[PDB]
Amino acid sequence: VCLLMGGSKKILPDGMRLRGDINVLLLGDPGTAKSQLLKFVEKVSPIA
Amino acid sequence: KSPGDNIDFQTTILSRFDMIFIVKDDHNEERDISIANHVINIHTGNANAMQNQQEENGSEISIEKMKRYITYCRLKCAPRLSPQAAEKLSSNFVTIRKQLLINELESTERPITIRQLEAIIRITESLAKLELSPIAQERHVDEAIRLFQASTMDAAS
Amino acid sequence: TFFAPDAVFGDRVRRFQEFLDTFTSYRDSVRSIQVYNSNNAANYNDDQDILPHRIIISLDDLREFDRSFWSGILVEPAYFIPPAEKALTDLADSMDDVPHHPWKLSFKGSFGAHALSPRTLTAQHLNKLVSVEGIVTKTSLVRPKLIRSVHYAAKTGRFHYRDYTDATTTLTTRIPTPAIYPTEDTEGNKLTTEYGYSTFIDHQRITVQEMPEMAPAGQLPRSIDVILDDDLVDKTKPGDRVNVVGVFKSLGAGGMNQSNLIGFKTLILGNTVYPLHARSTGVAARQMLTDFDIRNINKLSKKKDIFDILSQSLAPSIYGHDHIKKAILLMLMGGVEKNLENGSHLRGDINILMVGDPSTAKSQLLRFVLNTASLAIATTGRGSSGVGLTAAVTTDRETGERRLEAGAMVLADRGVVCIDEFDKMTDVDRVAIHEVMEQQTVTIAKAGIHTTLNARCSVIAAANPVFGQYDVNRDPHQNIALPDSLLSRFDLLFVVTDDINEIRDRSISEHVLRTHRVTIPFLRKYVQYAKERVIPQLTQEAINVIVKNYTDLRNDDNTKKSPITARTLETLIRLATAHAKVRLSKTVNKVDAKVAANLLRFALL
Ligand SMILES: Nc1ncnc2c1ncn2[C@@H]1O[C@H](COP(=O)(O)OP(=O)(O)O)[C@@H](O)[C@H]1O
Ligand SMILES: Nc1ncnc2c1ncn2[C@@H]1O[C@H](COP(=O)(O)OP(=O)(O)O)[C@@H](O)[C@H]1O
């Protein structure tokens, strides 16, 4: 839920902007929706 | 030598992901019944679809509406955080930086970086962005560290 | 010409004369040209014993002045530009009155809807004025074209002449005149051709395709053909970001004449061309200087602390590392690039390697440079899918049956290259860099091509310690994981450490928080005037220092942590010369060598 909102996109005056987006890693043995949870995200999120 | 990646990949996992979640639990007798009986209630008898419809009468958002809400709140808001909330984060970083050094002082070789701190400043503010708020407060931040440390407990093991 | 001018033309002229009477900035500028040509004519004429006749019009000056003449150039240029040049061609005759050719126009500013990408340049508004932005994608071999032909009638010693007109010399569809090249006189005599009493002009066409970052990515490129008359031919090259203005004529008569479908040949007559600058482009930023902007530099240049503040102002987004970005600032300045009489050129560009713990700014610092160096290109190293950053494949299907194209480093011929993930980049490039670094020449020996091309350019390397992390209790060579010659080829190697602490680490939070909650545009103008005007000669007050230190380190450092070579003698000269450029010093001084030493003390120990 915190991911799809983006974040603090910051056009600093030197141009060295910082990403607003966040990166999340799922790790585990197979099962447990680690692949499934992306599939629904590809429905809800804009331009997924 | 080996096919595919190499241990070098130990960096890009811990340095460049803002959260890493490690999600295995061990065949608990009631859990594999709880999930199973829920998963039966998926495949037919549609009780979750029924529940999600009833909860669309109750308190849930339907997929198409959540998307439009996301795109609205994504575009409409350009938030910021107050220095009142900001001081809590250094108060967190200096302690976690000071503590876990001991575990690399003990050469356990596992990290604690401003890449993670700069992630927290984003998870805090996105959590505050759900609200349609230009501003953020410890009311959100104390939840973000609680969410974050679920990741550090996975890094250490 | 031969027809009698109607008031629909006579008005357009005299109406435009009241504009130029109002805005003297154009009357004195055309005068300023014939000032320049006559000075050169006098220089040629009166010592041995031009500028290409066009002016740029600010369209902001028309809007408030003549609203219907604004819409005329945009909507009906073929009826408003030929008379405006006909005014200027008699304004030019009015300004001069020395004894004794065409005069032409160009434009600048905002065109509203008429400025559009060639993705949306369409067969609406053909005849209207257009502006287009994109990449120049190829250029035609600049052919000479006939206009006047001259002949000799040897039976009499008379001369005869003929003049040609075509689809690209008038905006209006003049009646075609397919005149025949005269091989026989009206009387029937023979003829010969007086080549060079005849006159010629350059023809070129260049094809522009939509700029790829604005493009709705995934789709195919779409492109249109621009024809350039004599002037602008020299000022386009493939791959640069270019804005053109002109008339999107739709000429010929395909299908409806002759016999049969594909419609009319559509193209732009280019009346203005500008190169422009975007990220990773083959042209410099080239900001103009006022006589005021130079004044601020000269206020600064004699203050005995500029290099400390200037070194800091680069990168407020980053904490610390002043001791490094000092040198990266010196890379922008560079050396003097001395070229010796009857003997090979000698390197000026200083090439820098960044390495350290992967937490650090290595990947991010380079996006200051790429955003704020005069000219830069960024390469991932691995992923230079051509020959490399330098050379290219070479084949053709067009009329000439060969062509050449240049890699990133040949394109960046004087400025900067940002190389990152440097030790991913394979041996195939590394051994090619060993060719470059201190020779700044590139050679290739394909089937047809056996020739040398220049690459007088400067490099930042960014690298990672192969073991994933480093600390100085682990022997300090093997972590570099590169051939010892590259550790020589690069001039300054900086090792950045983050074995964690708390004391320094304390302040960082509030600085980052302050960073989520001197200046850049002056540095560009500070660097280019320094680069252009200043060429410091050495001075004996500093020539001794570089001998004292270099000769000591070869006793000491060959007994300690790093190699020292005659290569690292010259790096002392360059760095001293660079700091003198920071001083704008007409000559080197001892202080600059003490700075050169200091940077190497930090870099080595
Ligand atoms: N938490 C869960 N709830 C319901 N079904 C689950 C859950 N975790 C795994 N599954 C089952 O796992 C299957 C999806 O496998 P998945 O875990 O996406 O593959 P992978 O192991 O490659 O990630 C689905 O058929 C689903 O029924
Ligand atoms: N010295 C530093 N000061 C402030 N931020 C830094 C520093 N070093 C790295 N960062 C952070 O790292 C991010 C940039 O990624 P970086 O660490 O440069 O990747 P790489 O390791 O590939 O160079 C920025 O968000 C920046 O905040």
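Heads up, chain C uses Swiss-Prot numbers, so what you see runs 13-61, 91-141, 151-310, 314-570, 651-738.
Cβ atoms are placed via backbone N, Cα and C, with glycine included.
What Swiss-Prot annotates here:
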DOMAIN    C:359-566  domain 'MCM'
BINDING   C:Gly409, C:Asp410, C:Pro411, C:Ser412, C:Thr413, C:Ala414, C:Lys415, C:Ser416  ATP binding site
MOTIF     C:541-544  motif 'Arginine finger'
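Known features from Swiss-Prot, placed on the structure.
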residue: C:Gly409; record: ATP binding site; CB count, 10 Å: 21
residue: C:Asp410; record: ATP binding site; CB count, 10 Å: 21
residue: C:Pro411; record: ATP binding site; CB count, 10 Å: 20
residue: C:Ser412; record: ATP binding site; CB count, 10 Å: 17
residue: C:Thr413; record: ATP binding site; CB count, 10 Å: 20
residue: C:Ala414; record: ATP binding site; CB count, 10 Å: 22
residue: C:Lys415; record: ATP binding site; CB count, 10 Å: 22
residue: C:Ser416; record: ATP binding site; CB count, 10 Å: 14
Do any residues of this chain, six or more beyond the ends of the motif 'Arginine finger' (C:541-544), have a C-beta under 8 angstroms from a C-beta of it, and if so which? 403-406, 486-487, 490-491, 512, 514, 696, 698, 700-701, 704, 707
Env. residues of ATP site, Cβ within 8 Å of mean position of C:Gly409, C:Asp410, C:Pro411, C:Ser412, C:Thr413, C:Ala414, C:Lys415, C:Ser416 Cβ: C:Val549, C:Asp551
Under 8 Å Cβ-Cβ to chain B, which of the binding-site residues C:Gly409, C:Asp410, C:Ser412, C:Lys415? C:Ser412
Determine how many residues of the motif 'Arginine finger' (C:541-544) DSSP places in helix, in strand and in coil. 2 helix, 0 strand, 2 coil
